[PDB]
There are 2 protein chains.
Amino acid sequence: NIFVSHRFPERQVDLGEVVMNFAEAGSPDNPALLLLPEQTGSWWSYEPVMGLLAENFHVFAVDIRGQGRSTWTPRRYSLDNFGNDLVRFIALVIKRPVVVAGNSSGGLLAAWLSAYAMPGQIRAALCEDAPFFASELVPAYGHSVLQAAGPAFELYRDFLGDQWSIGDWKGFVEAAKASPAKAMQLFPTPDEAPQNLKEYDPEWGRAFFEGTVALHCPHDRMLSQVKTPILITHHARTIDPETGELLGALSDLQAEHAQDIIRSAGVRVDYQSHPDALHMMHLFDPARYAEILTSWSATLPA
Amino acid sequence: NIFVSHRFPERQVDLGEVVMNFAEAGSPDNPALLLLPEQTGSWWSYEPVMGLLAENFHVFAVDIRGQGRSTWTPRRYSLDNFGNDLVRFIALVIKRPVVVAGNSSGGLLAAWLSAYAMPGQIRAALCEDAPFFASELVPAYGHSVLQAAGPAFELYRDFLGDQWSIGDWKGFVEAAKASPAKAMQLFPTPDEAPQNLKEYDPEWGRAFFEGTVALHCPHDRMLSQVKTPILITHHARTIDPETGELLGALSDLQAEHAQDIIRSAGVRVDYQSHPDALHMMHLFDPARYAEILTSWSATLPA
Ligand SMILES: C[C@@H](O)CCCC(=O)CCC/C=C/c1cc(O)cc(O)c1C(=O)O
Ligand SMILES: C[C@@H](O)CCCC(=O)CCC/C=C\c1cc(O)cc(O)c1C(=O)O
């Protein structure tokens with residue numbers, strides 16, 4: 001009960017297990033657009049850009065399970081459960097085919113739906129800076145989660161704890177600043193826990209760090225099972241020259257393989273590299289993100 | 001393409017990732033009934049009893065993913081993925097509230113649905129000798145899969161292999177007889193691979209033995225989340241005095257706790273002990289099973 005006000009009305013739908021919170025904008029005569037936030041991001045990660053997209057889409061921004069006003073589900077955090085929630089959401093609330101756009105963790109889920117959603121649910125998928133492979137424990141190519149974003153997710157577990165059962169925010173901030181992981185500086189460490197983190201279940205991080213979230217969803221297989229056109233945006237990424245860490249969502253090599261996997265599935269795939277963009281372009285450069293999304297959606301078949 | 005003819009015509013439906021095969025009997029004027037086979041059993045596990053149930057029910061017998069003519073999905077075998085398939089099947093095919101009756105592993109999925117199905121999909125669930133706890137790697141109570149049926153699933157994996165990739169049936173029968181597990185005698189060892197097993201993906205067994213099939217579906221939490229009346233039929237079970245092995249689906253101690261967890265959820269629960277009935281009662285005593293189901297179904301609301 002730590003939530004705040006926002007610039008769109010919020011509504012909740014019972015999917016069976018999770019009660020998913022979401023916001024709605026746009027005209028139902030425009031194409032439906034499902035927005036999936038990143039890890040630690042609530043639906044209002046897209047709040048600045050929703051005004052822009054609502055001009056041309058009927059947009060649905062949702063709180064994914066274990067986040068925001070949506071239901072926290074201990075012991076049940078997996079890409080399969082995340083995606084099937086979204087399958088039920090599309091079927092119970094949207095009731096039309098959708099273009100799905102997801103940032104990072106949400107990008108993995110946009111690709112998850114394009115491969116494993118109910119027939120006809122997904123017209124196309126936008127993957128904004130998705131950590132393909134780089135979020136797996138034992139990826140088929142390139143850095144593992146332990147060599148990229150792992151350290152921050154490990155701290156969420158060790159200091160915030162499942163369902164905020166530890167809550168040592170001060171201890172987390174000090175461990176983060178003192179961590180030898182160069183990628184740790186990509187995660188914010190304010191003196192007071194930010195709103196999005198307070199709406200976040202740290203067992204997300206435990207699941208990504210321990211390799212359990214995508215145990216049943218190997219990325220090389222998921223990417224080969226997609227059935228709808230996919231757009232891959234690749235933002236800032238660098239390999240630290242002292243520690244070898246991946247500072248970014250995925251490496252150049254991992255993005256190449258993901259393109260080749262999709263291409264071999266016979267599915268249209270486009271790739272845009274934005275090496276100066278921030279990880280969450282939809283939030284910190286919503287104008288640029290809206291243009292990319294709106295333009296790419298215009299090239300999709302009706 | 002090793003399938004055999006059957007009394008009831010078969011039909012397939014695309015659920016998105018799994019193309020599910022099923023057989024339909026009875027009239028839509030009677031209550032819908034979804035039958036879930038056991039592990040290694042296809043829909044025609046119920047073929048001998050569907051004639052009786054078709055006199056009072058709109059019967060749907062399905063091949064669960066990784067079994068029969070339903071899709072085999074390597075690496076994605078989980079209770080959540082099994083259940084979400086069945087959620088899709090009810091939504092796409094049945095389109096009406098159902099009573100779910102599953103045997104063994106299928107009983108776990110009936111309870112899974114009672115907890116995690118879409119709102120209104122499930123009227124009640126019948127769990128026929130379901131291995132609650134005894135099929136978990138680290139159960140909350142009682143024996144683990146390693147002290148029950150695990151040894152047989154271990155042989156399925158070692159000698160048959162994922163997707164019948166090893167296929168050393170004669171090596172399996174040899175290892176089954178030499179096994180020190182007294183519970184090994186509950187599993188068939190014919191000179192030729194039985195038909196039901198040739199339609200079965202042994203990665204099923206790997207998942208139950210390695211503790212991955214229900215890693216994200218702890219039974220104690222799942223049972224606490226049921227939302228519909230439950231009927232638990234407990235068939236033959238015995239504890240070996242030397243090795244302590246559980247010979248059967250679940251122990252008396254486990255069944256008692258499952259009753260407690262459901263009762264504390266404020267949900268109706270009934271418990272019928274048939275300690276002389278075989279595991280697959282619906283197959284070897286179809287009249288007895290059908291009567292139990294039909295009599296119990298009569299006491300349901302609406
Ligand atoms: C070959 C198959 O029919 C099993 C043999 C039946 C029998 O004679 C006694 C064992 C009862 C429990 C089995 C069981 C146990 C588990 O831990 C998990 C399962 O999925 C089953 C399961 O069968 O689904
Ligand atoms: C931390 C945030 O402010 C972004 C700053 C740039 C950065 O940290 C590297 C890019 C990958 C970032 C996160 C990430 C990593 C994963 O392995 C999985 C994820 O779901 C995310 C995720 O959901 O964001």
# chains A, B, ... in the order shown; residues from 1 in each chain; ligands from 1
$ residues_around --residues "segment 34-41 of chain A" --least-positions-apart "2" --cutoff "8 Å" --atoms "only C-alpha atoms" --output "short mmCIF file (atom, residue, chain, number, x, y, z; two decimals) with N, CA and C atoms, in the first residue's frame"
data_model
loop_
_atom_site.label_atom_id
_atom_site.label_comp_id
_atom_site.auth_asym_id
_atom_site.auth_seq_id
_atom_site.Cartn_x
_atom_site.Cartn_y
_atom_site.Cartn_z
N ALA A 32 -4.37 -2.08 -31.30
CA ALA A 32 -4.05 -2.37 -29.91
C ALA A 32 -2.55 -2.49 -29.72
N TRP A 43 3.95 -0.37 -14.59
CA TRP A 43 3.30 0.08 -15.82
C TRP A 43 3.64 1.53 -16.13
N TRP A 44 3.79 2.37 -15.10
CA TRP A 44 4.04 3.79 -15.32
C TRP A 44 5.46 4.08 -15.78
N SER A 45 6.26 3.04 -16.05
CA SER A 45 7.49 3.27 -16.80
C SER A 45 7.18 3.84 -18.17
N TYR A 46 6.03 3.47 -18.74
CA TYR A 46 5.59 3.97 -20.03
C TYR A 46 4.68 5.19 -19.92
N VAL A 59 -3.55 1.70 -26.34
CA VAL A 59 -2.41 1.20 -25.58
C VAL A 59 -2.86 0.60 -24.26
N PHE A 60 -2.25 -0.53 -23.90
CA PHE A 60 -2.43 -1.17 -22.60
C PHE A 60 -1.05 -1.33 -21.97
N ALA A 61 -0.81 -0.61 -20.87
CA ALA A 61 0.41 -0.75 -20.09
C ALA A 61 0.06 -1.46 -18.79
N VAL A 62 0.75 -2.57 -18.51
CA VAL A 62 0.36 -3.46 -17.43
C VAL A 62 1.49 -3.56 -16.41
N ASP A 63 1.11 -3.81 -15.16
CA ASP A 63 2.05 -4.21 -14.12
C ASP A 63 2.23 -5.72 -14.23
N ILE A 64 3.44 -6.16 -14.58
CA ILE A 64 3.69 -7.59 -14.65
C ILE A 64 3.61 -8.19 -13.25
N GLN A 67 5.03 -7.18 -9.45
CA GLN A 67 5.43 -5.80 -9.68
C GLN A 67 4.20 -4.91 -9.63
N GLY A 68 4.40 -3.68 -9.14
CA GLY A 68 3.33 -2.70 -9.14
C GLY A 68 2.17 -3.13 -8.27
N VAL A 98 -2.63 -7.86 -30.87
CA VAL A 98 -1.88 -6.74 -30.33
C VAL A 98 -0.48 -6.72 -30.92
N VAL A 99 0.09 -5.52 -30.98
CA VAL A 99 1.53 -5.34 -31.11
C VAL A 99 2.08 -5.20 -29.70
N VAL A 100 3.05 -6.05 -29.35
CA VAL A 100 3.60 -6.10 -28.00
C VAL A 100 5.00 -5.50 -28.01
N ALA A 101 5.22 -4.53 -27.12
CA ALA A 101 6.51 -3.87 -26.99
C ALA A 101 6.96 -3.98 -25.55
N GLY A 102 8.11 -4.59 -25.33
CA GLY A 102 8.63 -4.80 -23.98
C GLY A 102 10.10 -4.44 -23.83
N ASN A 103 10.41 -3.79 -22.71
CA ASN A 103 11.77 -3.32 -22.46
C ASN A 103 12.51 -4.34 -21.60
N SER A 104 13.65 -4.82 -22.10
CA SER A 104 14.50 -5.76 -21.37
C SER A 104 13.74 -7.02 -20.97
N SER A 105 13.51 -7.21 -19.67
CA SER A 105 12.72 -8.36 -19.22
C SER A 105 11.39 -8.42 -19.97
N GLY A 106 10.77 -7.26 -20.20
CA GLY A 106 9.56 -7.23 -21.00
C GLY A 106 9.79 -7.59 -22.45
N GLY A 107 10.99 -7.30 -22.97
CA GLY A 107 11.33 -7.73 -24.31
C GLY A 107 11.40 -9.24 -24.43
N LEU A 109 9.69 -11.22 -22.77
CA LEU A 109 8.31 -11.65 -22.73
C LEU A 109 7.57 -11.32 -24.02
N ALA A 110 7.91 -10.20 -24.65
CA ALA A 110 7.36 -9.93 -25.98
C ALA A 110 7.75 -11.05 -26.94
N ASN A 196 9.59 2.81 -7.71
CA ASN A 196 9.47 1.61 -8.53
C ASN A 196 10.02 0.39 -7.80
N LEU A 197 11.10 0.56 -7.03
CA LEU A 197 11.66 -0.55 -6.27
C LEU A 197 10.72 -0.97 -5.14
N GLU A 199 7.57 -0.99 -5.21
CA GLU A 199 6.51 -1.78 -5.82
C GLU A 199 7.02 -3.09 -6.41
N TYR A 200 8.29 -3.42 -6.18
CA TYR A 200 8.98 -4.51 -6.85
C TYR A 200 9.25 -5.64 -5.87
N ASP A 201 9.04 -6.88 -6.32
CA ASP A 201 9.32 -8.05 -5.51
C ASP A 201 10.75 -8.50 -5.77
N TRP A 204 12.13 -11.49 -7.94
CA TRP A 204 12.51 -11.35 -9.34
C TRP A 204 14.01 -11.53 -9.51
#
$ residues_around --residues "residue 301 of chain B" --least-positions-apart "4" --cutoff "10 Å" --atoms "only C-alpha atoms" --output "PyMOL selection string"
chain B and resi 123-124+229+297
$ residues_near_ligand --ligand "ligand 1" --cutoff "9 Å" --atoms "only C-alpha atoms and all ligand atoms" --output "number ranges by chain"
B: 37-41, 103-108, 129-137, 144-150, 152-153, 183-188, 197, 204-205, 208-209, 236-237, 246-250, 278-280
$ interface_residues --of "chain A" --to "chain B" --cutoff "10 Å" --atoms "only C-alpha atoms" --output "JSON, numbers by chain"
{"A": [14, 15, 16, 17, 18, 74, 75, 76, 77, 78, 80, 81, 84, 85, 87, 88, 91, 92, 113, 114, 115, 116, 117, 118, 119, 120, 121, 212, 213, 214, 215, 216, 217, 218, 221, 225, 226, 227]}
$ residues_around --residues "residue 298 of chain A" --least-positions-apart "3" --cutoff "12 Å" --atoms "only C-alpha atoms" --output "list in words"
residues 31, 56, 57, 99, 124, 291, 292, 293, 294, 295, 301 and 302 of chain A
$ select_by_dssp --residues "segment 55-194 of chain A" --states "strand (DSSP E)" --output "count of residues only"
18
$ select_by_dssp --residues "segment 107-246 of chain B" --states "alpha helix (DSSP H)" --output "count of residues only"
43
$ closest_residue --among "B:259, B:179, B:30, B:233" --to "residue 289 of chain B" --atoms "only C-alpha atoms"
B:233
$ atom_distance --atom1 "atom CA of residue 83 of chain A" --atom2 "atom 21 (C, counted along the ligand's line) of ligand 2"
16.1 Å
$ closest_residue --among "A:160, A:166, A:140, A:222" --to "residue 257 of chain A" --atoms "only C-alpha atoms"
A:140
$ closest_residue --among "A:164, A:271, A:169, A:156" --to "ligand 2" --atoms "only C-alpha atoms and all ligand atoms"
A:156
$ atom_distance --atom1 "atom CA of residue 231 of chain A" --atom2 "atom CA of residue 125 of chain A"
6.5 Å
$ residues_around --residues "residue 290 of chain A" --least-positions-apart "4" --cutoff "7 Å" --atoms "only C-alpha atoms" --output "list in words"
residues 49, 52, 53, 286 and 294 of chain A
$ write_last_selection --atoms "C-alpha atoms" --output "CSV table (one decimal), in the first residue's frame"
chain,number,residue,atom,x,y,z
A,49,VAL,CA,5.4,7.9,-23.7
A,52,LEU,CA,2.5,10.0,-27.6
A,53,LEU,CA,1.5,6.4,-28.5
A,286,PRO,CA,10.0,8.7,-25.2
A,294,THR,CA,5.1,3.9,-34.7
$ residues_around --residues "residue 167 of chain B" --least-positions-apart "3" --cutoff "10 Å" --atoms "only C-alpha atoms" --output "VMD selection string"
chain B and resid 156 to 164 170 to 172 193 198 202
$ write_last_selection --atoms "C-alpha atoms" --output "short mmCIF file (atom, residue, chain, number, x, y, z; two decimals), in the first residue's frame"
data_model
loop_
_atom_site.label_atom_id
_atom_site.label_comp_id
_atom_site.auth_asym_id
_atom_site.auth_seq_id
_atom_site.Cartn_x
_atom_site.Cartn_y
_atom_site.Cartn_z
CA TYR B 156 13.08 -43.89 -17.90
CA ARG B 157 15.67 -41.13 -18.28
CA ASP B 158 18.81 -43.27 -18.16
CA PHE B 159 17.65 -45.96 -20.60
CA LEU B 160 14.83 -44.47 -22.70
CA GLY B 161 16.19 -40.92 -22.77
CA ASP B 162 14.73 -37.56 -23.69
CA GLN B 163 12.31 -37.97 -26.61
CA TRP B 164 13.20 -41.68 -26.84
CA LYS B 170 15.88 -54.04 -22.94
CA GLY B 171 18.45 -52.22 -20.83
CA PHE B 172 15.59 -50.57 -18.93
CA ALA B 193 7.82 -51.44 -24.92
CA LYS B 198 5.93 -45.50 -26.96
CA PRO B 202 10.65 -39.78 -21.03
#
$ atom_distance --atom1 "atom CA of residue 232 of chain B" --atom2 "atom CA of residue 275 of chain B"
12.8 Å
$ decode --residues "segment 58-84 of chain A" --atoms "N, CA, C and O atoms" --output "PDB file, in the first residue's frame"
ATOM      1  N   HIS A  58      -4.336   2.004 -29.399  1.00  0.00           N
ATOM      2  CA  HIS A  58      -5.126   1.720 -28.203  1.00  0.00           C
ATOM      3  C   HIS A  58      -4.184   0.968 -27.268  1.00  0.00           C
ATOM      4  O   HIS A  58      -4.012  -0.248 -27.393  1.00  0.00           O
ATOM      5  N   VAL A  59      -3.554   1.702 -26.340  1.00  0.00           N
ATOM      6  CA  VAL A  59      -2.410   1.201 -25.584  1.00  0.00           C
ATOM      7  C   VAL A  59      -2.859   0.601 -24.261  1.00  0.00           C
ATOM      8  O   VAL A  59      -3.719   1.152 -23.562  1.00  0.00           O
ATOM      9  N   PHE A  60      -2.249  -0.529 -23.903  1.00  0.00           N
ATOM     10  CA  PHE A  60      -2.431  -1.168 -22.604  1.00  0.00           C
ATOM     11  C   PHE A  60      -1.054  -1.333 -21.967  1.00  0.00           C
ATOM     12  O   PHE A  60      -0.219  -2.094 -22.469  1.00  0.00           O
ATOM     13  N   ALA A  61      -0.812  -0.615 -20.874  1.00  0.00           N
ATOM     14  CA  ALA A  61       0.408  -0.745 -20.086  1.00  0.00           C
ATOM     15  C   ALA A  61       0.055  -1.462 -18.790  1.00  0.00           C
ATOM     16  O   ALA A  61      -0.835  -1.015 -18.056  1.00  0.00           O
ATOM     17  N   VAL A  62       0.747  -2.565 -18.509  1.00  0.00           N
ATOM     18  CA  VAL A  62       0.364  -3.461 -17.428  1.00  0.00           C
ATOM     19  C   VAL A  62       1.494  -3.563 -16.414  1.00  0.00           C
ATOM     20  O   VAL A  62       2.675  -3.412 -16.742  1.00  0.00           O
ATOM     21  N   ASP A  63       1.110  -3.807 -15.162  1.00  0.00           N
ATOM     22  CA  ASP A  63       2.046  -4.214 -14.121  1.00  0.00           C
ATOM     23  C   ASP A  63       2.226  -5.723 -14.232  1.00  0.00           C
ATOM     24  O   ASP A  63       1.272  -6.484 -14.038  1.00  0.00           O
ATOM     25  N   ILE A  64       3.436  -6.160 -14.577  1.00  0.00           N
ATOM     26  CA  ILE A  64       3.689  -7.591 -14.648  1.00  0.00           C
ATOM     27  C   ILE A  64       3.611  -8.194 -13.249  1.00  0.00           C
ATOM     28  O   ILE A  64       3.707  -7.501 -12.230  1.00  0.00           O
ATOM     29  N   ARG A  65       3.390  -9.504 -13.209  1.00  0.00           N
ATOM     30  CA  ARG A  65       3.314 -10.226 -11.946  1.00  0.00           C
ATOM     31  C   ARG A  65       4.527  -9.905 -11.087  1.00  0.00           C
ATOM     32  O   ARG A  65       5.631  -9.695 -11.595  1.00  0.00           O
ATOM     33  N   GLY A  66       4.310  -9.848  -9.775  1.00  0.00           N
ATOM     34  CA  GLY A  66       5.383  -9.518  -8.859  1.00  0.00           C
ATOM     35  C   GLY A  66       5.860  -8.088  -8.939  1.00  0.00           C
ATOM     36  O   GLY A  66       6.989  -7.800  -8.529  1.00  0.00           O
ATOM     37  N   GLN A  67       5.028  -7.180  -9.449  1.00  0.00           N
ATOM     38  CA  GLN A  67       5.431  -5.800  -9.679  1.00  0.00           C
ATOM     39  C   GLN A  67       4.200  -4.907  -9.626  1.00  0.00           C
ATOM     40  O   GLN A  67       3.102  -5.317 -10.010  1.00  0.00           O
ATOM     41  N   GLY A  68       4.399  -3.681  -9.144  1.00  0.00           N
ATOM     42  CA  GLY A  68       3.330  -2.697  -9.139  1.00  0.00           C
ATOM     43  C   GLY A  68       2.169  -3.129  -8.268  1.00  0.00           C
ATOM     44  O   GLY A  68       2.341  -3.742  -7.211  1.00  0.00           O
ATOM     45  N   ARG A  69       0.962  -2.800  -8.716  1.00  0.00           N
ATOM     46  CA  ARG A  69      -0.242  -3.243  -8.030  1.00  0.00           C
ATOM     47  C   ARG A  69      -0.621  -4.677  -8.382  1.00  0.00           C
ATOM     48  O   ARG A  69      -1.622  -5.179  -7.862  1.00  0.00           O
ATOM     49  N   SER A  70       0.151  -5.348  -9.233  1.00  0.00           N
ATOM     50  CA  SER A  70      -0.157  -6.723  -9.595  1.00  0.00           C
ATOM     51  C   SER A  70       0.269  -7.681  -8.486  1.00  0.00           C
ATOM     52  O   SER A  70       1.092  -7.357  -7.627  1.00  0.00           O
ATOM     53  N   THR A  71      -0.300  -8.883  -8.530  1.00  0.00           N
ATOM     54  CA  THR A  71      -0.162  -9.829  -7.434  1.00  0.00           C
ATOM     55  C   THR A  71       1.268 -10.333  -7.307  1.00  0.00           C
ATOM     56  O   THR A  71       1.875 -10.760  -8.293  1.00  0.00           O
ATOM     57  N   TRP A  72       1.794 -10.308  -6.084  1.00  0.00           N
ATOM     58  CA  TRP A  72       3.068 -10.949  -5.781  1.00  0.00           C
ATOM     59  C   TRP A  72       2.850 -12.446  -5.583  1.00  0.00           C
ATOM     60  O   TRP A  72       2.026 -12.857  -4.758  1.00  0.00           O
ATOM     61  N   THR A  73       3.594 -13.260  -6.331  1.00  0.00           N
ATOM     62  CA  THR A  73       3.411 -14.710  -6.355  1.00  0.00           C
ATOM     63  C   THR A  73       4.710 -15.381  -5.935  1.00  0.00           C
ATOM     64  O   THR A  73       5.550 -15.710  -6.788  1.00  0.00           O
ATOM     65  N   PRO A  74       4.916 -15.606  -4.640  1.00  0.00           N
ATOM     66  CA  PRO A  74       6.140 -16.283  -4.198  1.00  0.00           C
ATOM     67  C   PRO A  74       6.257 -17.683  -4.783  1.00  0.00           C
ATOM     68  O   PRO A  74       5.275 -18.421  -4.878  1.00  0.00           O
ATOM     69  N   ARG A  75       7.480 -18.042  -5.172  1.00  0.00           N
ATOM     70  CA  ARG A  75       7.895 -19.366  -5.635  1.00  0.00           C
ATOM     71  C   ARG A  75       7.425 -19.657  -7.056  1.00  0.00           C
ATOM     72  O   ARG A  75       7.668 -20.767  -7.552  1.00  0.00           O
ATOM     73  N   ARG A  76       6.775 -18.714  -7.732  1.00  0.00           N
ATOM     74  CA  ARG A  76       6.165 -18.984  -9.029  1.00  0.00           C
ATOM     75  C   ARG A  76       6.604 -17.967 -10.077  1.00  0.00           C
ATOM     76  O   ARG A  76       5.853 -17.662 -11.006  1.00  0.00           O
ATOM     77  N   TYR A  77       7.826 -17.452  -9.962  1.00  0.00           N
ATOM     78  CA  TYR A  77       8.333 -16.447 -10.888  1.00  0.00           C
ATOM     79  C   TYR A  77       9.101 -17.154 -12.000  1.00  0.00           C
ATOM     80  O   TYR A  77      10.224 -17.627 -11.789  1.00  0.00           O
ATOM     81  N   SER A  78       8.488 -17.235 -13.176  1.00  0.00           N
ATOM     82  CA  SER A  78       9.105 -17.860 -14.336  1.00  0.00           C
ATOM     83  C   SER A  78       8.594 -17.169 -15.589  1.00  0.00           C
ATOM     84  O   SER A  78       7.478 -16.641 -15.609  1.00  0.00           O
ATOM     85  N   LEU A  79       9.416 -17.179 -16.641  1.00  0.00           N
ATOM     86  CA  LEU A  79       8.990 -16.570 -17.896  1.00  0.00           C
ATOM     87  C   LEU A  79       7.685 -17.180 -18.394  1.00  0.00           C
ATOM     88  O   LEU A  79       6.852 -16.477 -18.976  1.00  0.00           O
ATOM     89  N   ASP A  80       7.483 -18.482 -18.167  1.00  0.00           N
ATOM     90  CA  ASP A  80       6.241 -19.118 -18.594  1.00  0.00           C
ATOM     91  C   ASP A  80       5.038 -18.547 -17.850  1.00  0.00           C
ATOM     92  O   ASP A  80       3.997 -18.280 -18.458  1.00  0.00           O
ATOM     93  N   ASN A  81       5.159 -18.353 -16.533  1.00  0.00           N
ATOM     94  CA  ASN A  81       4.054 -17.784 -15.765  1.00  0.00           C
ATOM     95  C   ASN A  81       3.857 -16.307 -16.097  1.00  0.00           C
ATOM     96  O   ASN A  81       2.717 -15.831 -16.180  1.00  0.00           O
ATOM     97  N   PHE A  82       4.955 -15.567 -16.290  1.00  0.00           N
ATOM     98  CA  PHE A  82       4.845 -14.173 -16.712  1.00  0.00           C
ATOM     99  C   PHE A  82       4.087 -14.067 -18.030  1.00  0.00           C
ATOM    100  O   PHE A  82       3.173 -13.245 -18.175  1.00  0.00           O
ATOM    101  N   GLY A  83       4.458 -14.896 -19.006  1.00  0.00           N
ATOM    102  CA  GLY A  83       3.846 -14.796 -20.320  1.00  0.00           C
ATOM    103  C   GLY A  83       2.395 -15.233 -20.334  1.00  0.00           C
ATOM    104  O   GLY A  83       1.550 -14.585 -20.953  1.00  0.00           O
ATOM    105  N   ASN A  84       2.084 -16.339 -19.658  1.00  0.00           N
ATOM    106  CA  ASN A  84       0.712 -16.830 -19.665  1.00  0.00           C
ATOM    107  C   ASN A  84      -0.237 -15.851 -18.990  1.00  0.00           C
ATOM    108  O   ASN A  84      -1.399 -15.740 -19.393  1.00  0.00           O
TER     109      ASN A  84
END
